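For the protein sequence lines, the chains are A and C, in the order given.
Each residue of the first sequence is one higher than the one before, counting from 212 in PDB author numbering.
Each residue of the second sequence is one higher than the one before, counting from 311 in PDB author numbering.
Here a beta-carbon is modelled for each residue, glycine too, at the ideal position from N, C-alpha and C.
Below is one structure, written out as structure tokens, with a few remarks after it.
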Amino acid sequence: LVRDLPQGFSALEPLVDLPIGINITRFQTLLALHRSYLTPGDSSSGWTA
Amino acid sequence: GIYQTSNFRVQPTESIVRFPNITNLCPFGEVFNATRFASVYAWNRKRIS
Ligand SMILES: *[C@@H]1O[C@H](CO)[C@@H](O)[C@H](O)[C@H]1NC(C)=O
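So this is what it looks like as structure tokens:
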């Protein structure tokens, strides 16, 4: 809708409860890089996000 | 006059239950078969809910 996130009406649905037997103190996210096919004369490596 | 006496209550003469039939497809056979576990020192937490 017009608002990106403040307005909404639903609920979050649980799926499965799982254990993790190790101490956790830090978290980090990942990302995916699409390989870019460049001309041989460029001689460089590039990615598109 | 009216005198109140011991209350009248009918006990249920039946007790029969209808349980689920298939659902989760053999809780112990998908990963442990009938009886097959790991070594002693591997006290892995494996609970099925
Ligand atoms: C699972 O156990 C049964 C008997 O308990 C036997 O067929 C075998 O050990 C296991 N099944 C398979 C397909 O290996």
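Taking a beta-carbon distance threshold of 7 angstroms, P230/A counts as an interface residue toward chain C. At a beta-carbon threshold of 9 angstroms, the residues of chain A lying near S359/C are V227, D228, ordered along the chain. Within the DSSP bridge table, the entry for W258/A names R246/A as partners.
Per the CB criterion, closer than 6 angstroms to any heavy atom of ligand 1, the qualifying residues run in chain order as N343/C, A344/C. The criterion of a C-beta distance shorter than 7 angstroms is not satisfied by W258/A and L249/A.
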